[PDB]
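Beneath this line is the structure, given in structure tokens, with notes to follow.
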Number of protein chains: 6
Amino acid sequence: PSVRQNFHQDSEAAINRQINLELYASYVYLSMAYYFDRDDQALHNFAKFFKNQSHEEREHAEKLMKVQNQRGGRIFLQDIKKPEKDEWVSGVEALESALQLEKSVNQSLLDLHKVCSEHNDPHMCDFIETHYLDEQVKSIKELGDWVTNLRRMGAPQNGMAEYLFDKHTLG
Amino acid sequence: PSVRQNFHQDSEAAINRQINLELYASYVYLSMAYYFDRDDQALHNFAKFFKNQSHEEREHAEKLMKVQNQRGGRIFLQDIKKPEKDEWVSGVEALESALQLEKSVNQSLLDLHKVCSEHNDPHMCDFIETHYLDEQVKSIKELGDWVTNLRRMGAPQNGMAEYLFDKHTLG
Amino acid sequence: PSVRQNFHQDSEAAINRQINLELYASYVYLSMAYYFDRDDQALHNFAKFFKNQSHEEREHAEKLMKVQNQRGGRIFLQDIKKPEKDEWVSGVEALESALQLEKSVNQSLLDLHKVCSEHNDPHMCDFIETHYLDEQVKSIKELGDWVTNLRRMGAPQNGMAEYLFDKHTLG
Amino acid sequence: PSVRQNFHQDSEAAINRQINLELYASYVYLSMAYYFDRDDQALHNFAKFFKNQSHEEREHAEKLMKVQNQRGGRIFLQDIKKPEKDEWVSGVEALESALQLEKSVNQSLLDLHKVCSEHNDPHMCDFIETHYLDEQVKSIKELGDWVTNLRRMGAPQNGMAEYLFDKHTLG
Amino acid sequence: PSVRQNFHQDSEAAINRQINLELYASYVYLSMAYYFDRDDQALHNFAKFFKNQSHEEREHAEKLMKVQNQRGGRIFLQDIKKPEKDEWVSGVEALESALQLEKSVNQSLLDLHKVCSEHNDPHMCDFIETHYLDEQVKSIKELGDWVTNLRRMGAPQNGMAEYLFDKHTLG
Amino acid sequence: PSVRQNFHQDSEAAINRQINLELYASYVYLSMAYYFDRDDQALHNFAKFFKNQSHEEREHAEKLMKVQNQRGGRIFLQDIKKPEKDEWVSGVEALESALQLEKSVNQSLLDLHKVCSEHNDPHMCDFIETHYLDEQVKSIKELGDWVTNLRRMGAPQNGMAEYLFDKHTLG
Ligand SMILES: [Fe+3]
Ligand SMILES: [Fe+3]
Ligand SMILES: [Fe+3]
Ligand SMILES: [Fe+3]
Ligand SMILES: [Fe+3]
Ligand SMILES: [Fe+3]
């Protein structure tokens, strides 16, 4: 591509991996959203939070697709794997699962940053710094905050805990 | 589920298939969108059309996920398969590929309607009629309209055809 | 200077080189702008694009002049060399020339980043990342997009191509 | 902490040092503010500038306290040492003292950046770049500008110099 | 100072002690604020209350610095001692600690009033009465109210107590 | 060119010389602007005046480029020579240097008018009269006014002179 400059095939390949992972995260969140939409779960603010997380992960993916094209890389999409579970058990356990997902995505972003840093690609390094790393830190901190509150309230055994958390923190 | 009533396992299973197909269509459209975002394609109104189609297919999927829960069915997600191509060749050829996709989705919707009709599920039949069948017919007609105009202008060999179509019809 | 801190003479010297290069780019763009203002060219939206690029390159230069003073460096201006051509031949060929200019400026910015990175000057590295690197990537991608469209339309031999591109993309 | 990821104890410890230093700077500025509030000094725009600097340094500290918690570090506060002087002698001499303070804070920030850079913590590196390094450069440049103007006017011996500077530059 | 009138060195010295104590209180509150900002505490309305208390104590200090200068006294700042704890254990226990702090500050204010009263300084006596004594009484009463409610709800053992108190009373 | 009429090659050549001179003046003013932006000069209203003069000289150049094309002449750009100095010593001395520059530009404009007048080109004569000659006279008078005020105040030896002039006349 006549636009390609200082853009290594390792960086290009790692961006394609990150694209698939962000789409994967979007899919996990979509699953969690409609799990709490079930009539036997019915925590609709949990559902709404997870649904919005799904749309945001989808935007995360598209911005990587955009920068791949901007730099002259070539997008190669892969299957979006179905999530590990069909049922997420409880509100606090879904959030704990989400925390592990965000930490895995974060580690993959840090690995992506290392690849671009090794190939002296400061455009990509700051693109990741600007658009992903602090977003990830904030998302992880928030999930940690929420898991702490839920567990301290006795969730999931305390049947009032996730109901009230859904009303107060998630509204 | 205590909400489940007049809802057959065949209908439930066919809804889960339709959910995956709508997500698949969303993924095909996402691929087409960023294909025309490439610096060696650069038909950004084609890209914008396909990007919006992707978001709409995603909404189509979520509404089926919603009605599955409303009726007491249980959502089972599957892998979202990557599209058949990585490159869609040209604007007119992508639209012709999109036309075949919409017709496949339409046939799967008609097959879904037949299943629900066989099990005398009028709620599901009218849900499909109201929210999907006319949308599908309109989408197919529109793609047919556009392919006709592009081919009559000589696309893709006429290099001016997709450029002007992108400016006039897709703006 | 009592403000100077962690600011190496290599970085200072490379900033002065970048200042002259940005001014040079401004001058090339000014030349291209009034070339298409000629009565025997008369692509006034090409002219207007290039004129605005010239003013923007001038701002790029002034921001480097500002950061040189902020860090306690000392500005040393050099001749602004006249462009390589007096005539840019055609709209598509001027844009292809502009693409090569932006890539040269981009490489000089990346070289500047490497100098500041070697001397562990994170203020300058992020100043370049924040204000120049993504701007450069976007400018290169845009020029690539436009050259692709023009050449696919047959420019410059197709006399309708640059006229219509001037009306649709450059208006 | 379940949020902690890629966060080294050296970085954590250096953040705690920076927190105390920013609070220290806030305290120095508070001292300078009410020094010029004295009836035998009575340069109230100097006082107002220094008072606002004190509040800003306090915000600088709190943002480091925030990022320490975001990353799962643990805040350890230390005594805020009283400033080196009780009396700052004159407007120009206080600003010269402030310049040395900002340069010391700047060097501690650069040392903090080096620690995080050594441990490949790009989140912290860009957090420092985004929120502190350019702020520091601008603050140092401004103090340098002002000291130059005051000394050229003959401050503090010229009794009119700090009075007029207080009215024109500090209003 | 030519402004000094009816202003005893004992009063001056006691004002300097009160200044340091108000700054100390500000520092204790800052510590409490970011303690509940921890991911393993995450009572953000507790954090926000304590953060605002910290800013208010800082204003309390500055108003004493102002009246010291107004009367011709001379400000002598001392170290701001770090708080007694790094961790405040729980919401109710932090508020109980805050109650003891406010009572200590209140007793120091009453001792300050006695000094000024002994030296027949009615300006200072009414300055303390107007700006500090009723503020202190209201702050103590409020903390007492809140501790009563928390303990009656079973805090900290009842994991729901501080969560709901944070939502209802502290929002 | 089919638009060329009553337009002599001497006039055309002299316009190209004037274009380069106006760009040269723009460059001198840019140098002066960031000279007073130095931390050891820091007369920011001098800097702002000179910066605006630079942009205006650039407009002067572009209007000559425009009229060259309007008349069917052909623009030939030359190197923009760096200014004679890197440092302009003081505010009053920079303005005295600017005065000599404006007088040189004025003489070149008068010489240009004589060329066009000799070739009986009344369009060009009135274009110069309308757009340049009175602007030049006003700019020279203003610089003369300012140098008179600065020198009468004792600039540059009187350190208060340029500071106050920067605040009163240049704000
Ligand atoms: Fe993400
Ligand atoms: Fe669909
Ligand atoms: Fe540039
Ligand atoms: Fe600071
Ligand atoms: Fe207080
Ligand atoms: Fe001029």
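By order in the structure tokens, chains are A, B, ...; within a chain, residues start at 1; ligands start at 1, following the order shown.
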
Could I get chain A fitted onto chain E (least squares, all C-alpha atoms, in order) as a tab-separated table (two decimals) with C-alpha atoms, in the first residue's frame?
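This is the output file out-v2.tsv:
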chain	number	residue	atom	x	y	z
A	1	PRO	CA	3.41	45.96	62.10
A	2	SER	CA	1.64	49.32	61.89
A	3	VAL	CA	-1.72	47.50	61.72
A	4	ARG	CA	-1.21	45.53	64.95
A	5	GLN	CA	-3.50	46.68	67.76
A	6	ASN	CA	-4.78	44.89	70.86
A	7	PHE	CA	-3.28	41.64	69.51
A	8	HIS	CA	-1.34	39.57	72.03
A	9	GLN	CA	1.51	37.21	71.22
A	10	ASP	CA	-0.37	34.42	73.01
A	11	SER	CA	-3.33	34.86	70.65
A	12	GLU	CA	-0.95	35.03	67.67
A	13	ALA	CA	0.78	31.82	68.78
A	14	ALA	CA	-2.52	30.03	69.36
A	15	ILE	CA	-3.75	31.02	65.89
A	16	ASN	CA	-0.62	29.45	64.41
A	17	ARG	CA	-1.40	26.26	66.33
A	18	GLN	CA	-4.99	26.29	65.08
A	19	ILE	CA	-3.78	26.79	61.49
A	20	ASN	CA	-1.66	23.65	61.70
A	21	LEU	CA	-4.50	21.67	63.31
A	22	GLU	CA	-6.98	22.65	60.58
A	23	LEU	CA	-4.46	21.60	57.93
A	24	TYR	CA	-3.95	18.37	59.87
A	25	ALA	CA	-7.70	17.73	59.82
A	26	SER	CA	-7.73	18.42	56.08
A	27	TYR	CA	-5.01	15.77	55.68
A	28	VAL	CA	-6.85	13.17	57.79
A	29	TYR	CA	-9.96	13.70	55.66
A	30	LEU	CA	-7.97	13.39	52.43
A	31	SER	CA	-6.65	10.06	53.70
A	32	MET	CA	-10.15	8.85	54.54
A	33	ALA	CA	-11.45	9.96	51.13
A	34	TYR	CA	-9.03	7.88	49.09
A	35	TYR	CA	-9.28	4.97	51.53
A	36	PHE	CA	-12.88	4.46	50.49
A	37	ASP	CA	-11.78	4.98	46.88
A	38	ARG	CA	-9.82	1.70	47.16
A	39	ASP	CA	-11.14	-1.13	45.02
A	40	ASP	CA	-11.53	-3.24	48.20
A	41	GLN	CA	-13.64	-0.54	49.87
A	42	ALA	CA	-15.49	1.26	47.05
A	43	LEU	CA	-17.92	3.40	49.05
A	44	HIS	CA	-17.63	6.37	46.73
A	45	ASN	CA	-20.13	8.62	48.50
A	46	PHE	CA	-18.18	8.14	51.74
A	47	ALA	CA	-15.11	9.06	49.68
A	48	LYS	CA	-16.87	12.12	48.25
A	49	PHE	CA	-18.05	13.30	51.68
A	50	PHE	CA	-14.55	12.97	53.14
A	51	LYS	CA	-12.99	14.67	50.11
A	52	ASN	CA	-15.30	17.64	50.55
A	53	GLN	CA	-14.56	17.74	54.29
A	54	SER	CA	-10.86	17.92	53.39
A	55	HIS	CA	-11.37	20.96	51.15
A	56	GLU	CA	-13.48	22.62	53.85
A	57	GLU	CA	-10.86	22.08	56.56
A	58	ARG	CA	-8.37	23.64	54.16
A	59	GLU	CA	-10.62	26.71	53.90
A	60	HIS	CA	-10.86	26.79	57.71
A	61	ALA	CA	-7.06	26.99	57.81
A	62	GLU	CA	-6.80	29.72	55.20
A	63	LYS	CA	-9.33	31.94	57.01
A	64	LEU	CA	-7.14	31.76	60.12
A	65	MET	CA	-4.13	32.59	57.98
A	66	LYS	CA	-6.10	35.57	56.69
A	67	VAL	CA	-7.06	36.88	60.15
A	68	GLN	CA	-3.48	36.43	61.39
A	69	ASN	CA	-2.33	38.82	58.65
A	70	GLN	CA	-5.30	41.16	59.16
A	71	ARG	CA	-4.35	41.63	62.82
A	72	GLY	CA	-0.62	41.98	62.06
A	73	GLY	CA	0.39	38.59	63.36
A	74	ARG	CA	2.96	36.55	61.52
A	75	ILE	CA	2.25	33.12	60.09
A	76	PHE	CA	4.61	30.32	61.08
A	77	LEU	CA	3.76	27.05	59.35
A	78	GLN	CA	4.73	23.64	60.74
A	79	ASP	CA	4.87	20.14	59.26
A	80	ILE	CA	1.45	18.68	58.50
A	81	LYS	CA	1.70	15.37	60.33
A	82	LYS	CA	0.51	12.28	58.51
A	83	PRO	CA	-2.66	10.75	60.01
A	84	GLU	CA	-2.55	8.15	62.76
A	85	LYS	CA	-3.77	5.37	60.45
A	86	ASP	CA	-3.21	4.35	56.85
A	87	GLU	CA	-6.45	2.32	56.81
A	88	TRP	CA	-9.71	3.36	58.45
A	89	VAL	CA	-11.24	-0.16	58.59
A	90	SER	CA	-14.87	0.63	57.76
A	91	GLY	CA	-17.30	3.42	56.98
A	92	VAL	CA	-18.74	3.60	60.49
A	93	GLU	CA	-15.28	3.41	62.07
A	94	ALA	CA	-13.94	6.19	59.84
A	95	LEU	CA	-16.89	8.38	60.86
A	96	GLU	CA	-16.24	7.59	64.51
A	97	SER	CA	-12.60	8.56	63.97
A	98	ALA	CA	-13.79	11.74	62.23
A	99	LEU	CA	-16.03	12.50	65.22
A	100	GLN	CA	-13.07	12.31	67.59
A	101	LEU	CA	-11.06	14.56	65.25
A	102	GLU	CA	-13.81	17.20	65.11
A	103	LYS	CA	-14.10	17.13	68.91
A	104	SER	CA	-10.34	17.62	69.26
A	105	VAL	CA	-10.45	20.51	66.79
A	106	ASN	CA	-13.43	21.90	68.69
A	107	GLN	CA	-11.58	21.76	72.01
A	108	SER	CA	-8.59	23.52	70.46
A	109	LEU	CA	-10.94	26.23	69.16
A	110	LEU	CA	-12.48	26.63	72.62
A	111	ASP	CA	-8.97	26.87	74.09
A	112	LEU	CA	-8.15	29.50	71.45
A	113	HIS	CA	-11.29	31.42	72.42
A	114	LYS	CA	-10.23	31.34	76.08
A	115	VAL	CA	-6.80	32.77	75.24
A	116	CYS	CA	-8.31	35.64	73.25
A	117	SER	CA	-10.95	36.18	75.93
A	118	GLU	CA	-8.27	36.38	78.65
A	119	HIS	CA	-6.45	39.06	76.66
A	120	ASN	CA	-9.72	40.99	76.08
A	121	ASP	CA	-9.56	40.57	72.30
A	122	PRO	CA	-13.26	40.79	71.35
A	123	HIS	CA	-12.51	40.91	67.62
A	124	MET	CA	-10.88	37.47	67.75
A	125	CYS	CA	-13.50	36.05	70.12
A	126	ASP	CA	-16.34	36.94	67.75
A	127	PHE	CA	-14.33	35.87	64.71
A	128	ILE	CA	-14.06	32.42	66.30
A	129	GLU	CA	-17.72	32.49	67.37
A	130	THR	CA	-18.93	33.60	63.94
A	131	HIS	CA	-16.81	31.39	61.70
A	132	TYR	CA	-15.88	28.29	63.67
A	133	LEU	CA	-17.84	27.38	66.79
A	134	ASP	CA	-21.27	26.76	65.27
A	135	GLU	CA	-19.71	25.09	62.21
A	136	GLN	CA	-17.95	22.71	64.61
A	137	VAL	CA	-21.12	21.98	66.60
A	138	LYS	CA	-23.05	21.23	63.40
A	139	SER	CA	-20.27	18.97	62.08
A	140	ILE	CA	-20.10	17.03	65.35
A	141	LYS	CA	-23.89	16.63	65.54
A	142	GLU	CA	-24.01	15.38	61.94
A	143	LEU	CA	-21.28	12.80	62.54
A	144	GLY	CA	-23.08	11.70	65.69
A	145	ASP	CA	-26.34	11.33	63.75
A	146	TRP	CA	-24.60	9.18	61.14
A	147	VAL	CA	-22.74	6.92	63.57
A	148	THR	CA	-26.02	6.28	65.37
A	149	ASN	CA	-27.73	5.23	62.14
A	150	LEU	CA	-24.84	3.03	60.99
A	151	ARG	CA	-24.43	1.19	64.30
A	152	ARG	CA	-28.18	0.67	64.66
A	153	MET	CA	-28.11	-0.93	61.20
A	154	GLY	CA	-25.33	-3.26	62.41
A	155	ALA	CA	-22.38	-1.69	60.56
A	156	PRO	CA	-19.74	-2.87	59.82
A	157	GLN	CA	-20.76	-6.51	60.30
A	158	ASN	CA	-23.99	-6.09	58.35
A	159	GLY	CA	-22.55	-5.87	54.85
A	160	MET	CA	-25.67	-4.14	53.54
A	161	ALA	CA	-25.51	-1.29	56.07
A	162	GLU	CA	-22.70	0.89	54.75
A	163	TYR	CA	-23.70	0.19	51.13
A	164	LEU	CA	-27.24	1.47	51.68
A	165	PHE	CA	-26.14	4.34	53.94
A	166	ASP	CA	-23.71	5.38	51.19
A	167	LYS	CA	-26.59	5.45	48.71
A	168	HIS	CA	-29.29	7.08	50.84
A	169	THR	CA	-27.65	9.43	53.35
A	170	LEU	CA	-24.42	10.20	51.49
A	171	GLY	CA	-26.09	10.70	48.11

Exercise. Got a sec to tell me which of segment 47-93 of chain B DSSP assigns to helix (DSSP H, G or I), as a PyMOL selection string?
Worked result: chain B and resi 47-70+91-93
